[PDB]
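Residue numbers (my numbering), protein chains in the order written: chain A, 1 to 128; chain B, 1001 to 1995.
First the structure, in the form of structure tokens, and then the observations on it.
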Ligand SMILES: Nc1ncnc2c1ncn2[C@@H]1O[C@H](COP(=O)(O)OP(=O)(O)O)[C@@H](O)[C@H]1O
Ligand code: ALF
Ligand SMILES: [Ca+2]
Ligand SMILES: [Ca+2]
Ligand SMILES: [Ca+2]
Ligand SMILES: [Mg+2]
């Protein structure tokens, strides 16, 4: 969809910390994902058409495509859960983020029911 | 090759198709085939029925699309159209129903430009909002040549503002019948022509409520009082008085049908009337011309009907019957003055009655009147000089009467103090006739100044703003008219100053003045001698009998006869004394050497310019549709030049990349900051603004950040107005709305980024899976089947192959049978053609194995093989799994082979050398590229060279491995099956990959 690409583009800037338009490892590790260095050079090698190794946004999306998505969203929630109870706390969301008051304002604005924490059934609503 | 606009002599533009193109010109075939230059040909709107309210909405912005858009709208009685915040108004020449109603007035209040259809009311409302919000006075300038609709639109504006923001408030409106009675007259161009310029100020208090107003008047036409053309009239009052006055008033003032008065009877003596209003006028009021030819026709003017409305207006604004009667008494006095003839000088016997009536109505002694018109002071006057005395008295009396009327009008709506004003400018419209005099010169000069102000404000300063702010808006050039203004008002050398000099020297001369003008501007772009005129109807005018000024609105030829006399405002002492000492109090109060009319005018107009420069300015550009005062007659060519001369074509051009709305970034941000939670406040100001513009509609192309001001594109006035709105709740609601949006972003950003990592990680597993699967297909021994069809110089052959591959050892064991008889080529030339997926890639090389990674779906191998000094092969091979066996289908074409060469003459030895093959990635095609030379041994001990060019691309769209540059080592052994009866080859090959 035309919306989903724009959402990915905003996410792409969290990969493009330098702001130039070009790292994957740095954020992939920091997002708390084990997979080492060997596989990254191999994965980039499918979209880099000019050989430059320059990472461009149109490359990013195609590089992500496969020939199951519902479980990916559920796995994304598990990236927020440090322990894995079913709720995300202010201290949990602060971990993925790296002011504390701003994190509280961020937590409260998602909490639809009123528990002071964010569960999956409401984590999806925010995303779409 | 879509239809286009190209010039038309009377429509301005016509539709046609380009047929042939030259360097600077082309041919157009109308929808008769004709020549047009490239730069007078324009792209057309694809829908010829559609119209847009703002010309900036057009797909193509040019003078032709502009003309057509206005044409279509006028066809539907949509007389108003925008170019950004400027209004174009085409004179309908009929009353469009309800379009100016009080109900319509209310509907425009507080509404942003664009949210209602283009209207004079929206411009007036825009001026009000600007005044109220920016705390800055405002001026509405309504331009246009004669009869274009300036006075009518001026009235619509004044009516809007006073009805909308009044609460005695209708006096500014009710005043016009009075001013028009004394300042308006019939012309060939306009039945209700204004013969004076006016600036009507509506003053406001702190609460932005109307507290009163002020009318400034400029240069009333003086000569019209005494004489006019056969098709023109004196001021309406005379005819309104004669048509409508009671029999009582007629007797007291000794009035009769207009033909009886020298000051009326050289002009048109007919009344404006219809069937119904003709009956309401008595017979003793109607001239022989009226009786012979009927009334004059107009939808707005009606002499008898206007008299009543005037009397009603006077009563409505505070004028008592005493003052009404005083006014009428002076009017008739001036009339009777003109009926005084002279003979040799002395008053003629017949004009005795005229002297009595005039002296009585003007409160004068007969003997005193007779002497003042007849003698100079202390010596007697010639017949023609007495005429000059008579007419000069009439011109001063009527002029002072007019001054008194506007002054009396200003006293209806006075104000102690005001905060701001909205002023509406209504000058006399650009005009020209068969004979042009000082009247046209002064009027057209004033028109030049207005156009210069439009140029100054809309074309010069706008682009200076874009540049000072670094916007990079394409410059629009245009011809400026300041030179034309310089020619007229410059110190010492200007026409007005040269004219004043002429009045000053001992024996003044029109021709000495005219000569001086020409001599002092020898080669000037704006001045020429009458001999260079386009028309031949004015070619016999000598150099010192006139000049041409090339006005912005067109060249006008002036006859300079009577310029000197007309430039002098002064009245001689004996005439001045006579009238100042009238026994009539009213006439004494009318009056409270050389006085320059030109320089008094220039001073007044520059003081007006000072006013205008200090205000925010809005423009309404009025257009005359035709020359015959008819409705529904759009004359394209005539309207086109008005659009060009007005500068609207230049403006439309600028708006292709221009920005009509702008605000100070610092000011805009700070007014929202006051409501920002202290968190959002930390956010980069520019980012907040971007989020705010998003929240109120705008896309990124709709606005631009300059160095200090943020600019907004055409057609976005409502959005702009919402952004700028100062209301606390509105600023709080918006801040809340963007605050929410930023939290929704920050969430979605880290949310989608988490999904991004999940997908990246998933893709990695998806690559490995696929490559493992490919690799696990080749763990053990794998059966092969090969099929080739070949054509070599017309020799068609087929071969079938079978055997097995062992990728662990890199071993190929294959037997090929030619099923079609003898092979037309030597077997060795087919060895490289006769499943690289069976190559040995050792431990640390497995990452470089494209061939296995494409499996089971496989790949296409394409080769060109060049046999040096001989022909070439082209091969296409399709290699993939088919169950547990690897299959390969090949097509081969050979051409250009020498029939007695090594290939077709079978001179190659049945053996094979070892070779290295250099593999590299073909990044663009997602496969590999290969280059190698095979050396084949010739019987006599020489070598046949075979140059190979190879490309492999995968069949499926699944993931494959793209390798680092590496090479494959081949060993090949050729042998024969001792029991095989058919033509054949047994091939044994070993292949290892290496660094
Ligand atoms: N909006 C309008 N509706 C109806 N009639 C109009 C309109 N504008 C102009 N006219 C007609 O055109 C004539 C000339 O317009 P006017 O405003 O007097 O010209 P100028 O621009 O010289 O002041 C008017 O007498 C009136 O009949
Ligand atoms: F006749 Al006008 F302005 F009133 F041109
Ligand atoms: Ca690249
Ligand atoms: Ca948790
Ligand atoms: Ca919750
Ligand atoms: Mg007018």
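A virtual CB, placed ideally from N, CA and C, is assigned to each residue, including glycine.
Residues bridged to residue i (per DSSP)
i, result
"residue 1548 of chain B", "B/1528 and B/1557"
"residue 1971 of chain B", "B/1990"
"residue 1 of chain A", "Answer is none; residue 1 of chain A lacks a bridge partner."
"residue 1813 of chain B", "B/1804 and B/1988"
"residue 36 of chain A", "Residue 36 of chain A pairs with nothing; no bridge assigned."
Closest Cα partner of residue i within the set the options
i, options, result
"residue 1457 of chain B", "B/1285, B/1618 and B/1261", "B/1618"
"residue 1622 of chain B", "B/1489, B/1327, B/1426 and B/1888", "B/1426"
"residue 1971 of chain B", "B/1812, B/1093, B/1424 and B/1418", "B/1812"
"residue 1657 of chain B", "B/1472, B/1511, B/1263 and B/1343", "B/1472"
"residue 1481 of chain B", "B/1460, B/1923 and B/1907", "B/1460"
"residue 1423 of chain B", "B/1982, B/1934 and B/1210", "B/1210"
"residue 1584 of chain B", "B/1878, B/1364 and B/1859", "B/1364"
"residue 2005 of chain B", "B/1154, B/1745 and B/1705", "There is no way to answer for residue 2005 of chain B, as the model of chain B reaches only from 1001 to 1995."
"residue 1895 of chain B", "B/1870, B/1919 and B/1908", "B/1870"
"residue 1587 of chain B", "B/1330, B/1409 and B/1388", "B/1330"
"residue 1844 of chain B", "B/1945, B/1966 and B/1906", "B/1966"
Near ligand 4: residue i beta-carbon under 8 Å from a heavy atom
i, result
"residue 1743 of chain B", "no"
"residue 1806 of chain B", "no"
"residue 89 of chain A", "yes"
"residue 81 of chain A", "yes"
"residue 92 of chain A", "yes"
"residue 84 of chain A", "yes"
As assigned by DSSP and simplified to three states, the class of residue i
i, result
"residue 1897 of chain B", "coil"
"residue 1198 of chain B", "strand"
"residue 1598 of chain B", "helix"
"residue 1090 of chain B", "strand"
"residue 1408 of chain B", "helix"
"residue 1801 of chain B", "strand"
"residue 1573 of chain B", "helix"
"residue 49 of chain A", "coil"
"residue 1014 of chain B", "strand"
"residue 1568 of chain B", "strand"
"residue 1966 of chain B", "strand"
"residue 1855 of chain B", "coil"
"residue 1187 of chain B", "coil"
"residue 42 of chain A", "helix"
"residue 1006 of chain B", "strand"
"residue 1063 of chain B", "helix"
"residue 1876 of chain B", "strand"
Near ligand 2: residue i beta-carbon under 8 Å from a heavy atom
i, result
"residue 1244 of chain B", "no"
"residue 1046 of chain B", "no"
"residue 1436 of chain B", "no"
"residue 1469 of chain B", "no"
"residue 1140 of chain B", "no"
"residue 1657 of chain B", "no"
"residue 1147 of chain B", "yes"
heavy atom of ligand 5 below 8 Å from residue i C-beta
i, result
"residue 124 of chain A", "no"
"residue 118 of chain A", "yes"
"residue 76 of chain A", "no"
Distance cut-off 8 Å: residue i Cβ against heavy atoms of ligand 6
i, result
"residue 1150 of chain B", "yes"
"residue 1185 of chain B", "no"
Residue i beta carbon near ligand 1 (any heavy atom closer than 8 Å)
i, result
"residue 1079 of chain B", "yes"
"residue 1156 of chain B", "yes"
"residue 1428 of chain B", "yes"
"residue 1394 of chain B", "no"
Ligand 3: which residues have Cβ under 5 Å from any of its heavy atoms, chain order? A/48, A/50, A/52 and A/54
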